[PDB]
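Asker: Quick one: the structure is below, and I'll ask about it shortly.
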Amino acid sequence: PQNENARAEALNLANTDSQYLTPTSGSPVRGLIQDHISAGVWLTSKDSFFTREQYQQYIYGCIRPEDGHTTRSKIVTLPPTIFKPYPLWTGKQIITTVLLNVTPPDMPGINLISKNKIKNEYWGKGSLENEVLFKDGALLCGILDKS
Amino acid sequence: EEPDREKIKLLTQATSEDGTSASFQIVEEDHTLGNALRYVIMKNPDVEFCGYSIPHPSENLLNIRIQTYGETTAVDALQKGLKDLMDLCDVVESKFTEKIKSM
Amino acid sequence: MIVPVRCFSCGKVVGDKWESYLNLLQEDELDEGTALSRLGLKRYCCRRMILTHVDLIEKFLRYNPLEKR
Amino acid sequence: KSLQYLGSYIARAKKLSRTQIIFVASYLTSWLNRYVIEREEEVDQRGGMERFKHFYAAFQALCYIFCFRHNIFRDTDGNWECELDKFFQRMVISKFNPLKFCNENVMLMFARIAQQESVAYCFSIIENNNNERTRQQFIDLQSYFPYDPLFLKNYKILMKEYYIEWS
Amino acid sequence: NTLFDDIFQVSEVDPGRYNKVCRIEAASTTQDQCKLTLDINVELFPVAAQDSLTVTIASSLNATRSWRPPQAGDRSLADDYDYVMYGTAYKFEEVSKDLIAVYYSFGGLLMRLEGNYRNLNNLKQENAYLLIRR
Amino acid sequence: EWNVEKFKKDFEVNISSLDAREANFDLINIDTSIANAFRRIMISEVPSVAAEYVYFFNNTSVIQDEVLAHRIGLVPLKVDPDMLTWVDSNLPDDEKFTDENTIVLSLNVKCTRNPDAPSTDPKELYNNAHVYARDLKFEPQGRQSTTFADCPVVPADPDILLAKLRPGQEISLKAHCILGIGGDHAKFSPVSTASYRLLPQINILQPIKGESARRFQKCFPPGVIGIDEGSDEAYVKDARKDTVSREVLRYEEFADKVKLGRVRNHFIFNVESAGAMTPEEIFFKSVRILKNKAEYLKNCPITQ
Ligand SMILES: [Zn+2]
């Protein structure tokens, strides 16, 4: 477009982010589709044990203050989930970090109860990886899916 | 007399004032020395944060980001790593010249 | 058209081993499992190329207008 | 640009009185009697010196006089006009570090002049800028001078006297 | 400081579709109404059946700002106990009176205590460790 | 803290088989991002000579213009680098190609009707029917003769067919060598394949003596497992001999008695070569390109 009454409309009215829900029945139309959905049930799986150097690298590979993604103007890290033998991080704690660092600090953390499409018995003896439970901006239980 | 002031390009809008959180954008790079340096920076115990990134693989871009704990700016921890990326090649050559010549 | 010069995956030189390959088949009556193997091809990316090659250059060379008949 | 245009008018014009050059320093240095009270307090607030590109614009021009006008303001009694060998000591050793945000060439010449006549001794702080250190608008206007020695040889016939030479 | 301290007795080590994480189940020897339902990285810390744990939940080591990996010469409460995690209690629940059964999420590794006197000293603090000696 | 002089005490090299076309050597206790970076140079950043520019004068044959222009460029010309310098192609042809950057080649092949008596073979029926790539002649341009008295330009693989010709057809062209690296075009690759693999480690868990030891050979390549009797029930001779097959993890009797997995710090680099340079020296063109890819960062002004 060719003037400034239109460039504001393409940034405020008919942009993509305001078109998140359909105006048909309010269902979403954005979203990751094939690669990452089946990829995400591996990082959120319980066997994801990142080491120290990977943990910033998976964080810095998706979060760049240089290009300006963050809000805190410095990438902040979490304590690992294993301390004494060998310090390892966790993939649910990566989703804890990428909710910490692209959400504003004035608001507090998130809280969410949600289900999956994985039934509980696929992980062993009735474990609770169907109930995706966010508390205080953390992925404390549950694997991330299309749902 | 010519400085090539376009290689080690330090972005400033993601840079701490004290220099303990610096921001680069290295051209004529990709995953080649991106991960070869990121290994060697993270061996320095003063370094608190070091990842290397690529915004888009098409052109030559390598945004890396050193952050430290204290008493050393991130550029002063860069140049220890590039000192210890060279001294590795001192070790590899004189342990691979010493084996070609040893048969 | 003629034998390709390098393998399409690895990077080893292939074209000098095509007419040197039919001289392990028309003469020694070898099987391809030794005929490809005796040359030096030992990665299957560069071993489905001398085996498989159509070599339709011969059906082109019969159509020459720079010769009487 | 006008604070850069004013800086090279004063030190390239011959027919101005010596009491008229102090009239500049009756207000330009008095402009530094106003920044010393008012805005020496935003540096401890978390902010760099990129907001003060207006402030180092005029501060170049006052040192652009000092790099040229040196043998004018003597007296018989060994003093200077409003302590010229004490004003550039105070506004450099402050908490603003002007040695980095002034150009090297204009500080190469601020140093040799302040060594012979004993004005400033910031030499060990000039040395302390390797471990101390968008950007293009702050290097060119610390080097663009509106009254350069002219390439034209013919117009200087009309301007042989009214334009100052090197020395 | 220490919130909880006991010695448990492993019965079930469930492999259950994982290569590294085994949902341990145990109960104590001292008390009888208290158990454990803990995920541990069995690659780092092998746990078989019929063993003796020491599940000690502490509150810190012996406020510090930054977690940094260890230097040469400090002294920690994690020095003597062989496997240490970090986690929060995300749900409190009571089955009956003096059968209060807490929960935890040790980084994505769920734990379930149960008991009667741990209502005194197990808050749902966002900094609550886990430890095992022997 | 991790000293780099502890790295020297944990870095060994086992050169196994060193030939003038391939070298199979080991790197003990180095990282998958340092040893990748060596492998990251040896494909791409090593300089190697080939031809971008094919000046046709005459070609009427069946293999057309850009195709035979392509297949000259894929020929590894046995030209040692560091005896040419780099082109500076920001300026036109008048000084772009010198006598010092470019090696100049020519092809002149004419096919005629050869009368011969008998289904008839094409080498006896025609004179110069098959354009072999040993027909590339080095034209010594400029001063390229006082120092090429022991390194004349020969192609490294001479028997490459380039074209097949019939009578009447000829090929007259002029070729220009350019000094290049394998990021731009594939044809400047200095290697067949400079890949590594990583040392597997096979751990028996339960002792598999007897009949479980004899059937245990056929799951693996042969020179790996050594079984004798009850005593000397099994061991591993050399897992370097063992490629990763995982045949034994098809068997249900053995799917819980063994552990397969790499030793994460023993890189078996087996670098072959296309023919331009020896593998045991293009690896030295990666231990000294890395060392001179850091100096271009280190001794360089950190801008702004
Ligand atoms: Zn191949």
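Each chain of the structure tokens is named A, B, ... in the order shown, its residues numbered from 1; ligands are numbered from 1 in display order.
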Where does chain C meet ligand 1 within 6 Å, residue by residue, with the nearest atom pair and distance in Å to one decimal for each, counting only C-alpha atoms and all ligand atoms, listed by chain and rising number, as JSON lines?
Answerer:
```
{"residue": "C:7", "atom": "CA", "partner": "ligand 1", "partner_atom_place_in_ligand_line": "1 (Zn)", "distance": 4.5}
{"residue": "C:9", "atom": "CA", "partner": "ligand 1", "partner_atom_place_in_ligand_line": "1 (Zn)", "distance": 5.3}
{"residue": "C:10", "atom": "CA", "partner": "ligand 1", "partner_atom_place_in_ligand_line": "1 (Zn)", "distance": 4.1}
{"residue": "C:11", "atom": "CA", "partner": "ligand 1", "partner_atom_place_in_ligand_line": "1 (Zn)", "distance": 5.9}
{"residue": "C:12", "atom": "CA", "partner": "ligand 1", "partner_atom_place_in_ligand_line": "1 (Zn)", "distance": 5.7}
{"residue": "C:43", "atom": "CA", "partner": "ligand 1", "partner_atom_place_in_ligand_line": "1 (Zn)", "distance": 5.8}
{"residue": "C:45", "atom": "CA", "partner": "ligand 1", "partner_atom_place_in_ligand_line": "1 (Zn)", "distance": 4.3}
{"residue": "C:46", "atom": "CA", "partner": "ligand 1", "partner_atom_place_in_ligand_line": "1 (Zn)", "distance": 3.2}
```
Asker: Can you work out which residues from chain E touch chain F at a cut-off of 12 Å (counting only C-alpha atoms) and hand them back as number ranges by chain?
Answerer: E: 69-72
Asker: I need the contact residues of chain B against chain A, so if you could list those with any atom within 10 Å, counting only C-alpha atoms, and return them as a list in words, that would help.
Answerer: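 Here is what falls inside 10 Å: residues 10, 11, 12, 13, 14, 15, 16, 21, 22, 23, 24, 25, 35, 38, 39, 42, 43, 48, 49, 50, 51, 52, 53, 54, 55, 63, 64, 65 and 67 of chain B.
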Asker: Based on the selection just made, write C-alpha atoms of those residues as a PDB file, in the first residue's frame.
Answerer:
```
ATOM      1  CA  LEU B  10      28.888  -5.319  18.051  1.00  0.00           C
ATOM      2  CA  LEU B  11      25.197  -4.461  18.160  1.00  0.00           C
ATOM      3  CA  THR B  12      24.431  -2.052  20.978  1.00  0.00           C
ATOM      4  CA  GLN B  13      20.654  -2.077  21.506  1.00  0.00           C
ATOM      5  CA  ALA B  14      20.901  -5.394  23.352  1.00  0.00           C
ATOM      6  CA  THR B  15      24.080  -4.485  25.210  1.00  0.00           C
ATOM      7  CA  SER B  16      24.530  -3.783  28.902  1.00  0.00           C
ATOM      8  CA  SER B  21      26.211  -8.483  28.475  1.00  0.00           C
ATOM      9  CA  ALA B  22      27.372  -7.784  24.919  1.00  0.00           C
ATOM     10  CA  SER B  23      25.718  -8.370  21.556  1.00  0.00           C
ATOM     11  CA  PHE B  24      27.459  -9.211  18.289  1.00  0.00           C
ATOM     12  CA  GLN B  25      26.429  -9.824  14.708  1.00  0.00           C
ATOM     13  CA  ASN B  35      29.589 -23.851  17.707  1.00  0.00           C
ATOM     14  CA  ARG B  38      30.474 -21.531  21.864  1.00  0.00           C
ATOM     15  CA  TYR B  39      32.115 -24.669  23.241  1.00  0.00           C
ATOM     16  CA  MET B  42      31.473 -21.961  28.011  1.00  0.00           C
ATOM     17  CA  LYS B  43      34.663 -23.468  29.434  1.00  0.00           C
ATOM     18  CA  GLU B  48      27.274 -17.077  32.587  1.00  0.00           C
ATOM     19  CA  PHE B  49      25.576 -17.151  29.173  1.00  0.00           C
ATOM     20  CA  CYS B  50      26.806 -18.097  25.702  1.00  0.00           C
ATOM     21  CA  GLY B  51      24.641 -19.231  22.849  1.00  0.00           C
ATOM     22  CA  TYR B  52      25.203 -18.714  19.138  1.00  0.00           C
ATOM     23  CA  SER B  53      22.264 -18.045  16.871  1.00  0.00           C
ATOM     24  CA  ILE B  54      21.397 -17.623  13.233  1.00  0.00           C
ATOM     25  CA  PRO B  55      18.421 -15.437  12.279  1.00  0.00           C
ATOM     26  CA  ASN B  63      24.540 -13.467  16.485  1.00  0.00           C
ATOM     27  CA  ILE B  64      26.307 -14.762  19.587  1.00  0.00           C
ATOM     28  CA  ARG B  65      25.771 -13.362  23.075  1.00  0.00           C
ATOM     29  CA  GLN B  67      26.999 -12.726  29.477  1.00  0.00           C
TER      30      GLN B  67
END
```
Asker: Which residues of chain B have any atom within 9 Å of an atom in chain D when counting only C-alpha atoms, and what is the closest pair of atoms for each, with the distance in Å to one decimal? Order the rows by chain and rising number and write it as a Markdown table.
Answerer:
```
| residue | atom | partner | partner_atom | distance |
| --- | --- | --- | --- | --- |
| B:17 | CA | D:48 | CA | 7.1 |
| B:18 | CA | D:132 | CA | 8.7 |
| B:19 | CA | D:133 | CA | 8.7 |
| B:73 | CA | D:131 | CA | 8.9 |
| B:76 | CA | D:131 | CA | 8.9 |
```
Asker: Need the shell around residue 106 in chain D: protein/DNA/RNA residues with any atom at most 10 Å away, counting only C-alpha atoms. Skip same-chain ones fewer than 2 positions apart. Format as a VMD selection string?
Answerer: chain D and resid 60 63 to 64 67 99 102 to 104 108 to 111 142 to 143
Asker: Mind listing as an MDAnalysis selection string which residues of chain A are within 8 Å of chain E, counting only C-alpha atoms?
Answerer: chainID A and resid 46:47 79:86 90 92:93 122:125 135 139:141
Asker: Within 12 Å of chain F, which residues belong to chain C? Use only C-alpha atoms and report them as a PyMOL selection string.
Answerer: chain C and resi 1-20+41+43+45-46+55-69
Asker: Going by DSSP on the backbone, which bits of range 153-261 of chain F are alpha helix (DSSP H)? Write them as a PyMOL selection string, please.
Answerer: chain F and resi 211-214
Asker: Restricting the output to N, CA and C atoms, write the selected residues as an mmCIF file, in the first residue's frame.
Answerer:
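Saved result, selection-v4.cif, follows:
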```
data_model
loop_
_atom_site.group_PDB
_atom_site.id
_atom_site.type_symbol
_atom_site.label_atom_id
_atom_site.label_comp_id
_atom_site.auth_asym_id
_atom_site.auth_seq_id
_atom_site.Cartn_x
_atom_site.Cartn_y
_atom_site.Cartn_z
ATOM 1 N N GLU F 211 26.248 -71.710 23.706
ATOM 2 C CA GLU F 211 25.449 -71.582 22.492
ATOM 3 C C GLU F 211 25.008 -70.148 22.262
ATOM 4 N N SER F 212 24.774 -69.404 23.339
ATOM 5 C CA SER F 212 24.514 -67.980 23.223
ATOM 6 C C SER F 212 25.744 -67.191 22.802
ATOM 7 N N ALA F 213 26.937 -67.785 22.843
ATOM 8 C CA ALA F 213 28.133 -67.110 22.365
ATOM 9 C C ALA F 213 28.406 -67.386 20.896
ATOM 10 N N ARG F 214 28.056 -68.576 20.408
ATOM 11 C CA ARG F 214 28.335 -68.915 19.021
ATOM 12 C C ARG F 214 27.338 -68.281 18.065
#
```
Asker: Would you mind reading off the distance between CA of residue 102 in chain B and CA of residue 11 in chain F, one decimal, in Å?
Answerer: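 Those two atoms sit 16.5 Å apart.
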Asker: For a quick test of understanding: name the residues of chain F lying within 12 Å of chain D when counting only C-alpha atoms, and present them as a PDB file with N, CA and C atoms, in the first residue's frame.
Answerer:
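Final output, saved to part.pdb:
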```
ATOM      1  N   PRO F 301      38.851  -4.808  14.685  1.00  0.00           N
ATOM      2  CA  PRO F 301      38.255  -3.834  15.613  1.00  0.00           C
ATOM      3  C   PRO F 301      36.784  -4.112  15.878  1.00  0.00           C
ATOM      4  N   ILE F 302      36.439  -4.206  17.163  1.00  0.00           N
ATOM      5  CA  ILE F 302      35.068  -4.465  17.582  1.00  0.00           C
ATOM      6  C   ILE F 302      34.261  -3.208  17.311  1.00  0.00           C
ATOM      7  N   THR F 303      33.438  -3.260  16.273  1.00  0.00           N
ATOM      8  CA  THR F 303      32.786  -2.064  15.769  1.00  0.00           C
ATOM      9  C   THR F 303      31.633  -1.664  16.673  1.00  0.00           C
ATOM     10  N   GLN F 304      31.654  -0.399  17.098  1.00  0.00           N
ATOM     11  CA  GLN F 304      30.602   0.260  17.873  1.00  0.00           C
ATOM     12  C   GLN F 304      30.305  -0.436  19.202  1.00  0.00           C
TER      13      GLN F 304
END
```
Asker: Counting only C-alpha atoms, which residues of chain F fall within 10 Å of chain B, and what is the closest atom pair for each with its distance in Å at one decimal, ordered by chain and rising number, as JSON lines?
Answerer:
```
{"residue": "F:1", "atom": "CA", "partner": "B:45", "partner_atom": "CA", "distance": 5.1}
{"residue": "F:2", "atom": "CA", "partner": "B:43", "partner_atom": "CA", "distance": 5.6}
{"residue": "F:3", "atom": "CA", "partner": "B:43", "partner_atom": "CA", "distance": 8.4}
{"residue": "F:4", "atom": "CA", "partner": "B:84", "partner_atom": "CA", "distance": 6.8}
{"residue": "F:5", "atom": "CA", "partner": "B:91", "partner_atom": "CA", "distance": 8.6}
{"residue": "F:7", "atom": "CA", "partner": "B:88", "partner_atom": "CA", "distance": 7.9}
{"residue": "F:8", "atom": "CA", "partner": "B:91", "partner_atom": "CA", "distance": 6.0}
{"residue": "F:9", "atom": "CA", "partner": "B:91", "partner_atom": "CA", "distance": 9.6}
{"residue": "F:11", "atom": "CA", "partner": "B:92", "partner_atom": "CA", "distance": 7.8}
{"residue": "F:12", "atom": "CA", "partner": "B:95", "partner_atom": "CA", "distance": 7.0}
{"residue": "F:13", "atom": "CA", "partner": "B:96", "partner_atom": "CA", "distance": 6.5}
{"residue": "F:14", "atom": "CA", "partner": "B:99", "partner_atom": "CA", "distance": 7.6}
{"residue": "F:15", "atom": "CA", "partner": "B:99", "partner_atom": "CA", "distance": 6.8}
{"residue": "F:18", "atom": "CA", "partner": "B:100", "partner_atom": "CA", "distance": 8.4}
{"residue": "F:25", "atom": "CA", "partner": "B:96", "partner_atom": "CA", "distance": 9.4}
{"residue": "F:26", "atom": "CA", "partner": "B:96", "partner_atom": "CA", "distance": 9.9}
{"residue": "F:27", "atom": "CA", "partner": "B:92", "partner_atom": "CA", "distance": 9.2}
{"residue": "F:30", "atom": "CA", "partner": "B:92", "partner_atom": "CA", "distance": 9.8}
{"residue": "F:31", "atom": "CA", "partner": "B:39", "partner_atom": "CA", "distance": 8.2}
{"residue": "F:32", "atom": "CA", "partner": "B:36", "partner_atom": "CA", "distance": 8.8}
{"residue": "F:33", "atom": "CA", "partner": "B:36", "partner_atom": "CA", "distance": 5.2}
{"residue": "F:34", "atom": "CA", "partner": "B:36", "partner_atom": "CA", "distance": 5.1}
{"residue": "F:35", "atom": "CA", "partner": "B:36", "partner_atom": "CA", "distance": 8.5}
{"residue": "F:36", "atom": "CA", "partner": "B:32", "partner_atom": "CA", "distance": 8.0}
{"residue": "F:37", "atom": "CA", "partner": "B:32", "partner_atom": "CA", "distance": 5.5}
{"residue": "F:38", "atom": "CA", "partner": "B:32", "partner_atom": "CA", "distance": 8.7}
{"residue": "F:39", "atom": "CA", "partner": "B:32", "partner_atom": "CA", "distance": 9.2}
{"residue": "F:40", "atom": "CA", "partner": "B:32", "partner_atom": "CA", "distance": 6.0}
{"residue": "F:41", "atom": "CA", "partner": "B:32", "partner_atom": "CA", "distance": 7.6}
{"residue": "F:45", "atom": "CA", "partner": "B:32", "partner_atom": "CA", "distance": 9.8}
{"residue": "F:280", "atom": "CA", "partner": "B:100", "partner_atom": "CA", "distance": 8.1}
{"residue": "F:281", "atom": "CA", "partner": "B:97", "partner_atom": "CA", "distance": 9.9}
{"residue": "F:283", "atom": "CA", "partner": "B:96", "partner_atom": "CA", "distance": 9.3}
{"residue": "F:284", "atom": "CA", "partner": "B:93", "partner_atom": "CA", "distance": 7.3}
{"residue": "F:286", "atom": "CA", "partner": "B:89", "partner_atom": "CA", "distance": 9.3}
{"residue": "F:287", "atom": "CA", "partner": "B:89", "partner_atom": "CA", "distance": 5.7}
{"residue": "F:288", "atom": "CA", "partner": "B:89", "partner_atom": "CA", "distance": 7.1}
{"residue": "F:289", "atom": "CA", "partner": "B:89", "partner_atom": "CA", "distance": 9.4}
{"residue": "F:290", "atom": "CA", "partner": "B:89", "partner_atom": "CA", "distance": 7.4}
{"residue": "F:291", "atom": "CA", "partner": "B:86", "partner_atom": "CA", "distance": 5.1}
{"residue": "F:292", "atom": "CA", "partner": "B:86", "partner_atom": "CA", "distance": 8.1}
{"residue": "F:293", "atom": "CA", "partner": "B:33", "partner_atom": "CA", "distance": 8.1}
{"residue": "F:294", "atom": "CA", "partner": "B:82", "partner_atom": "CA", "distance": 5.9}
{"residue": "F:295", "atom": "CA", "partner": "B:82", "partner_atom": "CA", "distance": 7.8}
{"residue": "F:296", "atom": "CA", "partner": "B:7", "partner_atom": "CA", "distance": 7.7}
{"residue": "F:297", "atom": "CA", "partner": "B:8", "partner_atom": "CA", "distance": 5.9}
{"residue": "F:298", "atom": "CA", "partner": "B:82", "partner_atom": "CA", "distance": 6.4}
{"residue": "F:299", "atom": "CA", "partner": "B:3", "partner_atom": "CA", "distance": 9.5}
{"residue": "F:300", "atom": "CA", "partner": "B:4", "partner_atom": "CA", "distance": 6.7}
{"residue": "F:301", "atom": "CA", "partner": "B:5", "partner_atom": "CA", "distance": 5.5}
{"residue": "F:302", "atom": "CA", "partner": "B:8", "partner_atom": "CA", "distance": 5.1}
{"residue": "F:303", "atom": "CA", "partner": "B:9", "partner_atom": "CA", "distance": 4.9}
{"residue": "F:304", "atom": "CA", "partner": "B:10", "partner_atom": "CA", "distance": 5.8}
```
Asker: If we count only C-alpha atoms and set the cut-off at 12 Å, which residues sit around residue 149 in chain F, ignoring sequence neighbours fewer than 5 positions away in its own chain? Please answer as an MDAnalysis selection string.
Answerer: chainID F and resid 140 143:144
Asker: Go ahead and write the residues just picked, N, CA, C and O atoms, as a PDB file, in the first residue's frame.
Answerer:
```pdb
ATOM      1  N   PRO F 140      51.014 -22.848 -21.195  1.00  0.00           N
ATOM      2  CA  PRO F 140      51.735 -22.003 -20.241  1.00  0.00           C
ATOM      3  C   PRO F 140      51.621 -20.536 -20.610  1.00  0.00           C
ATOM      4  O   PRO F 140      52.296 -20.060 -21.526  1.00  0.00           O
ATOM      5  N   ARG F 143      54.549 -16.260 -17.274  1.00  0.00           N
ATOM      6  CA  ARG F 143      55.764 -16.794 -16.683  1.00  0.00           C
ATOM      7  C   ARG F 143      55.554 -18.159 -16.046  1.00  0.00           C
ATOM      8  O   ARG F 143      56.353 -18.573 -15.201  1.00  0.00           O
ATOM      9  N   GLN F 144      54.522 -18.886 -16.463  1.00  0.00           N
ATOM     10  CA  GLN F 144      54.232 -20.190 -15.883  1.00  0.00           C
ATOM     11  C   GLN F 144      55.051 -21.290 -16.544  1.00  0.00           C
ATOM     12  O   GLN F 144      54.505 -22.321 -16.944  1.00  0.00           O
TER      13      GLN F 144
END
```
Asker: DSSP on the backbone, strand (DSSP E) only: what residues of range 84-168 of chain F does that give? Format it as an NGL selection string.
Answerer: :F and (104-110 or 112-113 or 126-127 or 130-132 or 137-139 or 154-155 or 161-164)
Asker: Which value, in Å to one decimal, gives the distance between CA of residue 226 in chain F and CA of residue 270 in chain F?
Answerer: 26.0 Å
Asker: Work out how far apart CA of residue 117 in chain E and CA of residue 98 in chain E are and give it in Å to one decimal.
Answerer: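 Pair CA of residue 117 in chain E / CA of residue 98 in chain E returns 7.2 Å.
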Asker: Using only C-alpha atoms, which residue out of E:115, E:65, E:54, E:43 lies closest to chain B?
Answerer: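 Ranking E:115, E:65, E:54, E:43 by distance to chain B, first place goes to E:65.
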Asker: Which residues, written as JSON, numbers by chain, have at least one atom at most 10 Å from residue 40 in chain D, with only C-alpha atoms counted and residues fewer than 6 positions away on the same chain left out?
Answerer: {"D": [34, 94, 95, 96]}
Asker: Could you pull the residues within 7 Å of range 142-147 of chain A, counting only C-alpha atoms, minus those fewer than 4 positions along the same chain, as number ranges by chain?
Answerer: A: 37, 40-41, 44-45, 116, 129-133
Asker: Keeping only C-alpha atoms, write the selected residues as an mmCIF file, in the first residue's frame.
Answerer:
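To be explicit, this is the file written out as out-v6.cif:
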```
data_model
loop_
_atom_site.group_PDB
_atom_site.id
_atom_site.type_symbol
_atom_site.label_atom_id
_atom_site.label_comp_id
_atom_site.auth_asym_id
_atom_site.auth_seq_id
_atom_site.Cartn_x
_atom_site.Cartn_y
_atom_site.Cartn_z
ATOM 1 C CA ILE A 37 3.579 -30.527 17.043
ATOM 2 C CA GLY A 40 6.996 -30.911 20.918
ATOM 3 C CA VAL A 41 5.907 -34.113 22.615
ATOM 4 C CA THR A 44 7.993 -31.898 26.864
ATOM 5 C CA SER A 45 8.488 -35.617 27.463
ATOM 6 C CA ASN A 116 -4.319 -33.560 25.722
ATOM 7 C CA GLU A 129 0.800 -36.639 31.389
ATOM 8 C CA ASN A 130 -2.692 -35.931 30.026
ATOM 9 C CA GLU A 131 -3.403 -33.152 32.546
ATOM 10 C CA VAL A 132 -1.313 -30.224 31.302
ATOM 11 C CA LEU A 133 -0.980 -28.043 34.375
#
```
Asker: For residue 247 in chain F, please output as a PyMOL selection string all residues within 12 Å (counting only C-alpha atoms; exclusion window: fewer than 5 positions along the same chain).
Answerer: chain F and resi 215-221+242+252+254-255+258+260
